[PDB]
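Engineer: Following this message is one structure expressed as C-alpha cells.
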Amino acid sequence: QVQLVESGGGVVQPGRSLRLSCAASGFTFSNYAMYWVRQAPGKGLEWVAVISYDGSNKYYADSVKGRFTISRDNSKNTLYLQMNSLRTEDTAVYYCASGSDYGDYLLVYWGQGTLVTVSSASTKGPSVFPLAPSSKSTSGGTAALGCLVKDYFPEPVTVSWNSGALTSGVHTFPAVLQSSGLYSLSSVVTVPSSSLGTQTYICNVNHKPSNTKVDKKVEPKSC
Amino acid sequence: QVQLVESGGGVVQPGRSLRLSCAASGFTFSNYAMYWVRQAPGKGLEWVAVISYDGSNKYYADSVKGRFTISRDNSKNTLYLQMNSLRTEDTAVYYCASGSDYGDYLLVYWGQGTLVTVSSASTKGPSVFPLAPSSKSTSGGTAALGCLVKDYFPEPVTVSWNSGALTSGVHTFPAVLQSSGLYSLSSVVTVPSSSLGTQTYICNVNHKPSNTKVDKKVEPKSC
Amino acid sequence: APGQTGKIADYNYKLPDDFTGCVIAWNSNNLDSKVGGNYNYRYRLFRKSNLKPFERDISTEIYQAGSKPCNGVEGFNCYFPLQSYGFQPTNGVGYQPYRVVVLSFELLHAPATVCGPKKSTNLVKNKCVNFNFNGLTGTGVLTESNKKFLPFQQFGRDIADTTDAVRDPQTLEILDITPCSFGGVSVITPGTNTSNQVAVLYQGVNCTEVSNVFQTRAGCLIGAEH
Amino acid sequence: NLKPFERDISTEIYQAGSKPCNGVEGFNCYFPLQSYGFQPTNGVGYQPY
Amino acid sequence: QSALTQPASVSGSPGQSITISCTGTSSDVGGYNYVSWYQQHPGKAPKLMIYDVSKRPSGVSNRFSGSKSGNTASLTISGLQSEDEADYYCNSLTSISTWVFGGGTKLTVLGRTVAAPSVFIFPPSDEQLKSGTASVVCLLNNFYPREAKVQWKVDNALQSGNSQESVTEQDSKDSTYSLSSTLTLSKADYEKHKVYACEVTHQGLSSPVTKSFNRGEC
Amino acid sequence: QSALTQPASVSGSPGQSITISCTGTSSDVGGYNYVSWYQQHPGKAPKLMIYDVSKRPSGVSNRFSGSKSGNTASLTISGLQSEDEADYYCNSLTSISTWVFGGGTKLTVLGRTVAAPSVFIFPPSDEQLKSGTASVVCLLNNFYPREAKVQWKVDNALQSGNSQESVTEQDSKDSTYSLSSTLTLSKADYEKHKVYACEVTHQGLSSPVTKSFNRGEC
Amino acid sequence: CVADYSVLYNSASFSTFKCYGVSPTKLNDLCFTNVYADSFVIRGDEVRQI
C-alpha cells in the first residue's frame with residue numbers, strides 16, 4: 001500500500017513560522033515531484049507548492065511565494081512546508097501529494113491532511129445566552145428555543161439539554177468564526193408551544209481547552 | 001555609430017495635439033521598420049506604433065489607434081509621431097526605435113527618450129513648509145530636520161541647504177504627483193542634536209517655470 | 001533540383017536534367033522579411049512556355065491567358081507577369097525567405113582552373129605509380145615524352161581514344177603514360193601422378209618485371225632448365 | 001562520426017579550439033554530453049520517446 | 001491562482017447520466033491535455049478520478065469519463081449512485097510554474113423527496129443587551145435539498161456584512177438538514193431602527209417565508 | 001495590448017546564476033522564436049540583450065542567455081555583477097502583428113550587507129495648519145536593501161489611500177537608500193484625531209519600528 | 001524462444017513501426033539466427049534519425 005503521513009499542523013500566531021512535515025512509504029519517493037495543496041474549511045482546493053524529484057527545483061502559488069518554502073529529504077522520504085510570515089488567511093487543512101508513473105505532473109497520492117489554525121485569539125471560555133421562545137419563534141403549535149454559545153477559542157465546545165434528559169428535536173450546529181476571531185455556535189430544540197412555561201428547559205455547555213462548564217435556563221420573551 | 005535623436009516632447013493640455021520627431025543617422029533608415037514605444041513615469045514599456053521601411057504599412061496599439069498617426073521621411077531620415085486628442089494617460093517618455101539585420105521586427109536601436117506631459121494644471125509656484133526637528137525626529141545624538149515643498153506644477157523644483165554650504169547627510173526625494181494634479185517633494189538633513197538652536201538651518205528652493213524662489217528657516221518644535 | 005517542375009522551376013530557374021553541382025540554402029527571415037511584407041523580392045507567375053536550363057528572363061510585358069487579344073496594359077484575361085512575395089515575419093516557416101546558392105560545375109575538358117586545397121608531391125619517372133594531374137587520376141609508368149604537343153595542348157591520346165601522354169601543371173614538360181604491366185600466369189606440369197614439380201610462365205612479361213629464368217617469346221618462363 | 005552499431009561511453013573533454021584542454025574546462029572545449037530538458041508542458045517533438 | 005470556472009452544484013436521480021463542466025484560460029485548459037478531475041467526500045482528502053483528459057487510473061469505475069473542446073473540459077458521470085455525492089474539482093497546469101484547480105462542483109443524488117423548512121426567529125436576549133450587543137437568530141429546520149437561503153431586513157432594508165450562517169451535516173435518520181442564520185449588531189445598532197426580520201428562500205417554499213418583530217415588543 | 005507576465009523583482013549575490021521568467025500565449029511566445037529581452041538601467045533608454053529566444057547581439061556579455069518552453073520564456077544571467085542592477089523587459093511579436101512587452105522585472109543584486117533605517121516622524125508645520133491642510137512626514141534614512149514598508153496609524157486605526165511614498169537613488173558612498181512617506185489630510189480631518197504614527201517594516205529590523213506623536217503635545 | 005511480433009504490431013501504443021529488410025505483417029512467418037533489441041530514450045523530433 002502507498003501512503004503519505006502528515007504532521008506539524010496546530011494553532012499558531014500571525015507573523016510567526018511553522019513547519020509542516022510529510023513522510024512517504026510504498027513507493028520510491030525520490031523518483032517523483034512532491035506537492036502541497038491547501039483547503040480552508042468549506043472552500044475548494046488551492047495548490048500551494050511543488051518540488052522536483054531531485055529537490056533542485058521548486059515552484060509556488062502567488063499567495064505564498066517568499067513566505068513559504070518547500071523542501072525534501074530523499075534519504076528520510078520526508079517532504080516539508082516551512083511556513084514563515086503566516087497570516088490568518090493561511091488557516092487551512094494542508095495536504096501533501098505526489099506524482100506517480102501515471103504522470104509526474106499529477107497529484108496521484110495524497111496524505112491524510114493536517115489542520116493549521118493561524119489565529120491572534122487567546123484561549124477563552126464561552127458566554128452562553130438564551131434563545132428565548134416567543135410568538136416569532138413559534139409555528140404550527142411548535143415552538144423553537146435554544147442557547148447561543150458565543151465568543152470562545154479554540155474549538156471544540158460540546159452541548160446537551162436538561163442534563164441529557166432532552167434529545168427529541170434537538171439540533172447543535174457546527175461552529176462559525178466571527179470577525180472578532182472568536183468561534184460561536186447555536187444549540188436549539190423544538191417543543192410543543194403548550195409546553196412553554198409549564199416545562200423547564202436548560203442547556204448544558206462544556207469547553208475543554210479552557211476547562212469551562214455552564215448550565216443556562218431558557219424562558220419565554222414577550223415578542 | 002548609429003544614432004536616433006528625438007524632439008517635440010513637452011507639457012500639453014488634454015484634448016490637444018502634439019508632434020514628436022526622431023531624426024536617424026549611421027544606418028540606412030529607409031531599409032528598416034521604425035517604432036514608437038512609451039514609458040509612463042515609474043512604469044513599464046508600452047508599444048505605441050510601427051511603420052514599414054517604405055511607409056506603406058502602419059500598426060498601432062489599441063490605446064492610441066484611431067488617434068495617433070506615425071509617418072516617415074526617407075529622404076531626410078526622419079520619423080514622426082503625430083499625436084491627436086491627447087489624454088492624461090498619454091503622459092510618458094516616448095522613445096523611437098528601429099530594426100536591423102538582426103531582424104526587422106526587433107527594436108535594436110533606441111533614441112534618448114522625450115517626455116510628454118498631458119496635464120490640465122496651471123503653471124504654479126510651490127508652498128514651502130519646515131519639517132521642524134523634535135524628540136520624534138531625534139535618535140542616538142543625531143537629529144533629522146527638513147522642508148516639504150508642496151502644490152507646484154510643472155516639474156522641476158530644485159533644493160539646497162544653507163545656500164549650498166550644507167551637503168553631508170542631505171537627501172532630496174524625487175517628486176510625487178498628488179491627486180490634485182500638483183507635485184510635491186521632501187528635502188531632509190541629519191545633524192548632531194547638539195547643533196539644534198546653536199546652528200541656523202535653511203532650505204533654499206527654486207521653481208524656474210513660475211520664476212519663484214524661497215528661502216525657509218527650519219527651527220525646533222517641542223514634540 | 002534537376003528534373004523538377006512548378007512555377008519556380010518552369011518560369012524562373014531551371015536546372016538541367018543531368019545537373020552537376022550542389023544546391024545550398026538557408027532561411028533568411030531576419031535579413032529578408034520586413035514588418036509589412038518585403039516587396040523587394042518577386043517571381044515570374046506566367047510564361048508563354050517553360051524556360052530552358054539556365055535561361056534567365058527579365059521580360060515585364062503583359063501575359064495573355066485567353067483566346068481574345070490584350071493590346072494594352074491591363075484586362076480580365078491578361079496580367080503583369082511578375083508577382084511579389086509577401087515576406088512578413090509573422091509568416092510560418094515554408095512561407096519565409098530562403099537565400100539559395102546553386103554551385104554548378106564543369107569537369108575537365110580544358111585543364112581545370114578551380115581545384116580543392118590539396119598540395120602536389122614531387123614527380124617520379126620509370127616506376128609504376130598512381131597519379132593525379134589536375135583531377136585526371138590514373139595508374140601507370142611515367143616517361144619523358146618525345147611527342148610534339150602544340151603550346152595550347154594539355155593531354156595526348158592513342159587510337160583507342162585513351163590517354164597516353166600528359167602535361168605536368170608545375171613544369172610544362174610532356175610525360176608519356178604507359179600502363180603498368182599485366183599478363184596471364186600459367187603453370188606447367190608433368191602432372192601430379194608423375195611429380196609435384198612445376199614451371200611458371202608470365203605470359204608476354206619481360207623477366208625484369210617479375211630458380212631457373214628464361215626469356216622465351218611467349219613470356220618469362222621460370223623453373224624450367226633451357 | 002561513429003561506425004554503425006558503435007557505442008561510445010567516453011566523457012573525456014571535447015576540443016573545438018586549437019588549445020589543449022583538461023579536467024572539465026578550456027577555451028572552446030566542452031564536456032561531450034548534454035541533458036535533454038524533459039519537462040511536462042514541452043511540445044510534442046520535444047517530449048521524450 | 002487563475003481558478004477554473006465550474007458550476008456550484010449539479011444533481012440527478014440514480015441511474016441517470018450527468019456532466020460537470022470546467023472552463024479555463026487558453027494557457028490552462030486550452031493548450032495542454034493534462035486536465036485531471038478529483039473527487040472528495042466531506043472532510044477527507046481527494047481521490048484522482050481522471051488524469052490526462054479521459055484517462056481513468058486503476059480501480060476507478062467506467063461510470064466516469066471525460067473530454068475537452070477548446071478552452072473547456074468536462075467530466076461525465078453515467079449511471080448515478082449515492083456514492084457519487086461529493087465535491088468534484090477539475091485541475092490543470094498553466095505552465096510548470098503553476099497548477100490550478102477549479103472552484104469545485106457538488107453532486108447531489110436525488111434519493112429523497114423535497115422537504116420545506118420549519119422557519120423561526122429569535123429576537124435579542126436581554127442578557128446580551130446588558131453586554132451591549134444584539135444577535136438575532138433565524139432557524140430553518142429539517143429541509144431537503146441543502147441549498148436553502150436567508151435574507152436579513154431592518155426597517156425592511158436588506159442587510160449585508162452584519163450576518164452569518166451555519167448548516168447541519170446531512171441528517172443521519174431522514175437525510176434532511178437544518179440551518180441557523182444570525183444577524184448580529186451593537187445595542188446602538190438595535191436602537192438605530194424600529195423593525196427587525198429574517199426572510200427564507202428554498203425549493204420547498206412556493207414563496208419566501210418572513211419572520212419579524214419591532215424593538216418596542218422586544 | 002495584453003502584456004506578457006513577469007515576476008515583479010528578483011535578487012541574488014554577486015557570482016550567483018539567476019533567472020527571469022516571461023510568459024505569454026500560442027499567439028506570441030508559444031507562436032514564435034522571436035522573444036527579445038531588453039535591459040534598462042534607471043533614467044535611460046532600453047538596450048537589447050537577447051533576441052529570437054536565445055541569440056545575443058554583438059558586444060553583449062556571454063553571462064546573458066535565453067530559453068523557451070511552451071508559452072513560457074526565460075532569461076538567465078550567470079555570475080551576477082553590479083552592472084546587472086536594472087529592469088529587464090521581455091518582448092514578443094504576436095499573430096495579430098502587434099508587439100507586446102512584459103510587466104518588467106527589477107534585478108536587485110545583493111552588493112552589500114543589510115542595514116536598518118533611522119526612522120523619524122514630522123508633524124505638520126504650524127504654517128501649514130494655518131493654510132487649512134496637514135501633511136505628516138515619515139523619513140526612513142540610509143537603509144539597505146531598497147525594499148521597505150511604512151504603515152500609517154491614526155488613533156491606532158490603519159490608514160489607506162491618503163499617503164504617498166518616494167525613495168532616493170542609491171547612495172554613492174555607502175550604497176544605502178532613503179524613503180520619505182507622507183500622509184495628507186484637511187486641517188479639520190487632522191483635528192478630528194489625536195495620535196499620529198508611522199510603523200516601519202524592513203529586513204534589518206527584528207520587529208516593526210513605530211514612531212508617533214500626539215497633536216495635543218505638538 | 002517464440003517471438004510473436006503480432007503482439008507488438010497490433011498494439012495501439014506505438015507511434016512508429018518501420019521495417020527495412022522485411023514487411024511487418026510477415027514477421028510471424030520468419031525465423032532469425034539472432035535478434036538484438038537496442039533500446040534508449042530520445043526527443044520526439046529525433047525519432048526520424050533512427
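Residues in the C-alpha cells are named by chain (A, B, ... in the order shown) and by number from 1 within that chain; ligands are numbered from 1 in the order shown.
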Should the cut-off be 9 Å, what would the residue list for chain F against chain C look like, counting only C-alpha atoms, as a list in words?
Structural biologist: residues 32, 93, 94, 95, 96 and 97 of chain F
Engineer: Mind running a least-squares superposition of chain E onto chain F over all the C-alpha atoms, in order, and reading off the RMSD?
Structural biologist: 1.2 Å
Engineer: Which residue gives the smallest distance to residue 82 (chain A) among A:42, A:19, A:48, A:111, with only C-alpha atoms counted?
Structural biologist: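 So, comparing all the options, the nearest one is A:19.
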Engineer: Extract, using only C-alpha atoms, all DNA, RNA and protein residues at most 12 Å from residue 42 (chain G), discarding same-chain residues fewer than 3 positions from it, and format them as a count of residues only.
Structural biologist: 16
Engineer: Tell me which protein, DNA and RNA residues are within 10 Å of residue 36 (chain A), counting only C-alpha atoms, leaving out same-chain ones fewer than 3 positions away, and put them as a PDB file with N, CA, C and O atoms, in the first residue's frame.
Structural biologist:
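Contents of around.pdb, freshly written:
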```pdb
ATOM      1  N   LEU A  20       5.425  22.257   8.537  1.00  0.00           N
ATOM      2  CA  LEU A  20       4.728  21.016   8.234  1.00  0.00           C
ATOM      3  C   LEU A  20       5.728  20.001   7.699  1.00  0.00           C
ATOM      4  O   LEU A  20       6.651  20.360   6.967  1.00  0.00           O
ATOM      5  N   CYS A  22       5.723  15.830   5.968  1.00  0.00           N
ATOM      6  CA  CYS A  22       5.020  14.704   5.381  1.00  0.00           C
ATOM      7  C   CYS A  22       6.026  13.610   5.031  1.00  0.00           C
ATOM      8  O   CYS A  22       7.089  13.903   4.497  1.00  0.00           O
ATOM      9  N   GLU A  46      -6.706  24.843  -3.112  1.00  0.00           N
ATOM     10  CA  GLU A  46      -5.664  25.743  -3.616  1.00  0.00           C
ATOM     11  C   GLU A  46      -4.335  24.981  -3.655  1.00  0.00           C
ATOM     12  O   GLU A  46      -3.889  24.447  -2.644  1.00  0.00           O
ATOM     13  N   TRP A  47      -3.670  24.936  -4.806  1.00  0.00           N
ATOM     14  CA  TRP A  47      -2.297  24.444  -4.877  1.00  0.00           C
ATOM     15  C   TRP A  47      -1.377  25.435  -4.172  1.00  0.00           C
ATOM     16  O   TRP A  47      -1.527  26.635  -4.373  1.00  0.00           O
ATOM     17  N   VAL A  48      -0.437  24.956  -3.364  1.00  0.00           N
ATOM     18  CA  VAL A  48       0.490  25.795  -2.592  1.00  0.00           C
ATOM     19  C   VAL A  48       1.882  25.792  -3.209  1.00  0.00           C
ATOM     20  O   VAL A  48       2.440  26.856  -3.463  1.00  0.00           O
ATOM     21  N   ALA A  49       2.459  24.610  -3.429  1.00  0.00           N
ATOM     22  CA  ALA A  49       3.849  24.469  -3.841  1.00  0.00           C
ATOM     23  C   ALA A  49       4.155  23.102  -4.463  1.00  0.00           C
ATOM     24  O   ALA A  49       3.384  22.154  -4.298  1.00  0.00           O
ATOM     25  N   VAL A  50       5.296  22.984  -5.143  1.00  0.00           N
ATOM     26  CA  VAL A  50       5.843  21.722  -5.664  1.00  0.00           C
ATOM     27  C   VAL A  50       7.360  21.718  -5.596  1.00  0.00           C
ATOM     28  O   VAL A  50       7.989  22.764  -5.723  1.00  0.00           O
ATOM     29  N   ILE A  51       7.949  20.537  -5.445  1.00  0.00           N
ATOM     30  CA  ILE A  51       9.386  20.304  -5.511  1.00  0.00           C
ATOM     31  C   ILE A  51       9.702  19.101  -6.398  1.00  0.00           C
ATOM     32  O   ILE A  51       9.094  18.039  -6.265  1.00  0.00           O
ATOM     33  N   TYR A  60       5.806  27.767  -6.617  1.00  0.00           N
ATOM     34  CA  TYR A  60       4.880  28.243  -5.586  1.00  0.00           C
ATOM     35  C   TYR A  60       3.660  28.943  -6.175  1.00  0.00           C
ATOM     36  O   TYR A  60       3.734  29.546  -7.244  1.00  0.00           O
ATOM     37  N   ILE A  70       9.258  25.176   0.274  1.00  0.00           N
ATOM     38  CA  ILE A  70       9.141  23.718   0.177  1.00  0.00           C
ATOM     39  C   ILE A  70      10.536  23.092   0.133  1.00  0.00           C
ATOM     40  O   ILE A  70      11.459  23.660  -0.450  1.00  0.00           O
ATOM     41  N   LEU A  79       9.056  15.226   3.082  1.00  0.00           N
ATOM     42  CA  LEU A  79       8.705  16.492   2.464  1.00  0.00           C
ATOM     43  C   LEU A  79       8.376  17.499   3.565  1.00  0.00           C
ATOM     44  O   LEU A  79       7.716  17.155   4.541  1.00  0.00           O
ATOM     45  N   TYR A  80       8.773  18.749   3.386  1.00  0.00           N
ATOM     46  CA  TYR A  80       8.495  19.842   4.303  1.00  0.00           C
ATOM     47  C   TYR A  80       7.706  20.952   3.619  1.00  0.00           C
ATOM     48  O   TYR A  80       7.902  21.215   2.431  1.00  0.00           O
ATOM     49  N   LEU A  81       6.871  21.652   4.385  1.00  0.00           N
ATOM     50  CA  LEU A  81       6.496  23.033   4.093  1.00  0.00           C
ATOM     51  C   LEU A  81       6.945  23.897   5.268  1.00  0.00           C
ATOM     52  O   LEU A  81       6.371  23.845   6.350  1.00  0.00           O
ATOM     53  N   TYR A  94      -3.926  21.433   5.202  1.00  0.00           N
ATOM     54  CA  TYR A  94      -2.852  21.230   4.238  1.00  0.00           C
ATOM     55  C   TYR A  94      -2.712  19.737   3.954  1.00  0.00           C
ATOM     56  O   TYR A  94      -2.699  18.941   4.885  1.00  0.00           O
ATOM     57  N   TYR A  95      -2.620  19.375   2.676  1.00  0.00           N
ATOM     58  CA  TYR A  95      -2.312  18.037   2.198  1.00  0.00           C
ATOM     59  C   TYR A  95      -1.016  18.060   1.390  1.00  0.00           C
ATOM     60  O   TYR A  95      -0.898  18.822   0.428  1.00  0.00           O
ATOM     61  N   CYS A  96      -0.067  17.191   1.713  1.00  0.00           N
ATOM     62  CA  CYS A  96       0.971  16.806   0.772  1.00  0.00           C
ATOM     63  C   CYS A  96       0.418  15.833  -0.270  1.00  0.00           C
ATOM     64  O   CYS A  96      -0.440  15.004   0.035  1.00  0.00           O
ATOM     65  N   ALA A  97       0.942  15.894  -1.487  1.00  0.00           N
ATOM     66  CA  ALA A  97       0.614  14.958  -2.552  1.00  0.00           C
ATOM     67  C   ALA A  97       1.838  14.636  -3.408  1.00  0.00           C
ATOM     68  O   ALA A  97       2.831  15.352  -3.359  1.00  0.00           O
ATOM     69  N   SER A  98       1.786  13.569  -4.198  1.00  0.00           N
ATOM     70  CA  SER A  98       2.912  13.130  -5.027  1.00  0.00           C
ATOM     71  C   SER A  98       2.505  12.800  -6.455  1.00  0.00           C
ATOM     72  O   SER A  98       1.392  12.336  -6.701  1.00  0.00           O
ATOM     73  N   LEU A 107      -1.368  14.864  -9.182  1.00  0.00           N
ATOM     74  CA  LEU A 107      -1.427  14.725  -7.733  1.00  0.00           C
ATOM     75  C   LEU A 107      -2.059  13.364  -7.442  1.00  0.00           C
ATOM     76  O   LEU A 107      -3.251  13.242  -7.187  1.00  0.00           O
ATOM     77  N   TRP A 110      -2.205  11.213  -1.932  1.00  0.00           N
ATOM     78  CA  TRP A 110      -2.487  12.322  -1.022  1.00  0.00           C
ATOM     79  C   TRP A 110      -2.345  11.885   0.433  1.00  0.00           C
ATOM     80  O   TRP A 110      -2.834  10.820   0.816  1.00  0.00           O
ATOM     81  N   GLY A 111      -1.710  12.711   1.257  1.00  0.00           N
ATOM     82  CA  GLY A 111      -1.646  12.499   2.703  1.00  0.00           C
ATOM     83  C   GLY A 111      -2.999  12.687   3.397  1.00  0.00           C
ATOM     84  O   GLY A 111      -3.978  13.088   2.769  1.00  0.00           O
TER      85      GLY A 111
END
```
Engineer: DSSP on the backbone: which residues in region 77-196 of chain F end up as alpha helix (DSSP H)? Give the answer as an NGL selection string.
Structural biologist: :F and (126-129 or 187-192)
Engineer: Go ahead and save the picked residues with N, CA, C and O atoms, as a PDB file, in the first residue's frame.
Structural biologist:
```
ATOM      1  N   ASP F 126       3.087  74.540  11.789  1.00  0.00           N
ATOM      2  CA  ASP F 126       2.011  75.475  12.158  1.00  0.00           C
ATOM      3  C   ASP F 126       1.601  76.355  10.963  1.00  0.00           C
ATOM      4  O   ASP F 126       0.427  76.666  10.780  1.00  0.00           O
ATOM      5  N   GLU F 127       2.559  76.705  10.102  1.00  0.00           N
ATOM      6  CA  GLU F 127       2.330  77.470   8.870  1.00  0.00           C
ATOM      7  C   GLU F 127       1.488  76.698   7.846  1.00  0.00           C
ATOM      8  O   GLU F 127       0.695  77.307   7.132  1.00  0.00           O
ATOM      9  N   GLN F 128       1.605  75.366   7.795  1.00  0.00           N
ATOM     10  CA  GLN F 128       0.695  74.532   7.009  1.00  0.00           C
ATOM     11  C   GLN F 128      -0.688  74.419   7.669  1.00  0.00           C
ATOM     12  O   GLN F 128      -1.703  74.570   6.994  1.00  0.00           O
ATOM     13  N   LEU F 129      -0.771  74.237   8.990  1.00  0.00           N
ATOM     14  CA  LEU F 129      -2.074  74.204   9.666  1.00  0.00           C
ATOM     15  C   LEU F 129      -2.840  75.527   9.493  1.00  0.00           C
ATOM     16  O   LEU F 129      -4.054  75.506   9.308  1.00  0.00           O
ATOM     17  N   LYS F 187      -7.102  70.257   7.504  1.00  0.00           N
ATOM     18  CA  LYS F 187      -6.948  70.687   8.910  1.00  0.00           C
ATOM     19  C   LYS F 187      -8.082  70.139   9.791  1.00  0.00           C
ATOM     20  O   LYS F 187      -7.829  69.643  10.884  1.00  0.00           O
ATOM     21  N   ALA F 188      -9.321  70.156   9.298  1.00  0.00           N
ATOM     22  CA  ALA F 188     -10.469  69.605  10.012  1.00  0.00           C
ATOM     23  C   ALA F 188     -10.306  68.100  10.302  1.00  0.00           C
ATOM     24  O   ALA F 188     -10.455  67.677  11.444  1.00  0.00           O
ATOM     25  N   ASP F 189      -9.952  67.289   9.302  1.00  0.00           N
ATOM     26  CA  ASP F 189      -9.718  65.851   9.500  1.00  0.00           C
ATOM     27  C   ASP F 189      -8.513  65.560  10.407  1.00  0.00           C
ATOM     28  O   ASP F 189      -8.562  64.635  11.212  1.00  0.00           O
ATOM     29  N   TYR F 190      -7.450  66.363  10.337  1.00  0.00           N
ATOM     30  CA  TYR F 190      -6.321  66.278  11.267  1.00  0.00           C
ATOM     31  C   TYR F 190      -6.747  66.565  12.717  1.00  0.00           C
ATOM     32  O   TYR F 190      -6.367  65.852  13.643  1.00  0.00           O
ATOM     33  N   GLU F 191      -7.596  67.574  12.922  1.00  0.00           N
ATOM     34  CA  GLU F 191      -8.147  67.915  14.233  1.00  0.00           C
ATOM     35  C   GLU F 191      -9.225  66.941  14.755  1.00  0.00           C
ATOM     36  O   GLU F 191      -9.489  66.940  15.959  1.00  0.00           O
ATOM     37  N   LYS F 192      -9.829  66.075  13.924  1.00  0.00           N
ATOM     38  CA  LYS F 192     -10.733  65.004  14.408  1.00  0.00           C
ATOM     39  C   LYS F 192     -10.003  63.990  15.293  1.00  0.00           C
ATOM     40  O   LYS F 192     -10.580  63.495  16.263  1.00  0.00           O
TER      41      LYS F 192
END
```
Engineer: Between CA of residue 186 (chain A) and CA of residue 180 (chain E), what distance in Å does the model show, to one decimal?
Structural biologist: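 Straight-line distance from CA of residue 186 (chain A) to CA of residue 180 (chain E) works out to 7.1 Å.
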Engineer: Which of these, E:41, E:153, E:55, E:173, has the shortest distance to residue 87 (chain E) once you count only C-alpha atoms?
Structural biologist: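 Going through E:41, E:153, E:55, E:173 one by one, the smallest distance to residue 87 (chain E) is for E:41.
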Engineer: Excluding region 176-184 of chain B and residues on its chain fewer than 2 positions from it, collect all residues at most 10 Å away from it, counting only C-alpha atoms, and give them as a list in words.
Structural biologist: residues 119, 120, 121, 122, 123, 124, 126, 127, 128, 148, 149, 150, 151, 152, 153, 154, 155, 156, 157, 173, 174 and 186 of chain B; 162, 163, 164, 165, 166, 182 and 184 of chain F
Engineer: To one decimal in Å, tell me the separation between CA of residue 144 (chain A) and CA of residue 188 (chain A).
Structural biologist: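 Separation of CA of residue 144 (chain A) and CA of residue 188 (chain A): 7.0 Å.
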